[PDB]
Each structure stands twice: as structure tokens, then as C-alpha cells.
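Novice: Supplied in C-alpha cells, the structure appears directly below.
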Ligand SMILES: [Mg+2]
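Residue numbers (PDB author numbering): 2 to 127.
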């Protein structure tokens, strides 16, 4: 499974890339919304997307990517109010996990959405 990490915090993306690779995932990193849209293609199984970023924020990235891709999206951001969470989900995100986050919960939420993608793939092939 291929994950596209989108966050301007280079310290967080390096830490998360290492954590997720250790959990068996293939991770590619984007540091803004424009780079994310450049790297988003059919090979991506899931996006981890931040909100507050320079050039193009996560909400605008989500709106743009949803015009062409149905790729699973988990918002992963310091914008964790109940409002922020509802907004993200309604704009097209599958899940919303505020920062600070628990490593194990992040990995389990990634695995839960990719398990649903696998169920859909099995059904589609049949
Ligand atoms: Mg942030």
C-alpha cells in the first residue's frame, strides 16, 4: 500500500515516513498542496493531509483532488475543533485525526480505510 504524506512540517513527515515504512507501507512525501496534486495519481492508495500549509492549504487541495480522484483521504492536522472535523469530512475526507495524535491510532485508522479499499477491490474483481 502506497501513502502520499502531505505536510509542510519536515520534522513530522520524516518521523511519520519512518513510522509508516516500519509498518510496511510505501511512503512518498509532499510539503504543500501544489506538490501533492503533482504527485497524486492512480498508484496512491491513501493521502494523509494537513490543513495549514503554504502555497495551497489542505482544504483547497482536498476540493481540487476530489474533482478527479476518489482516493481515500485522512485529514491529519492541528486544526482539531469539532467544526474543523465536520468541515473536512463534508468536503470529501474519509476520516479526520487531530494533532497531537496517538501513533497506534493513526496506523489503525490507515489500516481500517485500506481494509475497506481491499473489500471494494475483491467485490470489483468478482
Ligand atoms: Mg499544521
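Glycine included, each C-beta is placed from N, C-alpha and C at the ideal position.
Tell whether a beta-carbon distance below 8 Å holds between residue 41 and residue 4.
Specialist: no
Novice: Can you find a heavy atom of ligand 1 that lies under 7 Å from the Cβ of residue 79?
Specialist: yes
Novice: Does DSSP put residue 52 in a helix, a strand or coil?
Specialist: Residue state, collapsed to three classes: coil.
Novice: Identify whether residue 45 lies in helix, strand or coil by the three-state DSSP scheme.
Specialist: coil
Novice: So, are the CB atoms of residue 89 and residue 56 less than 8 Å apart?
Specialist: no
Novice: Ligand 1 heavy atoms versus the CB of residue 76: any closer than 7 Å?
Specialist: no
Novice: Where does residue 6 sit, in a helix, a strand or coil, going by DSSP?
Specialist: Residue 6 carries a strand assignment under DSSP once its states are collapsed to helix, strand and coil.
Novice: Measuring CB to CB, does residue 53 end up less than 8 Å from residue 80?
Specialist: For residue 53 and residue 80, yes; Cβs fall inside 8 Å.
Novice: In the DSSP assignment, what residue or residues form a beta bridge with residue 27?
Specialist: 3
Novice: Which residue from 20, 84, 94 puts its Cα closest to that of residue 70?
Specialist: 94
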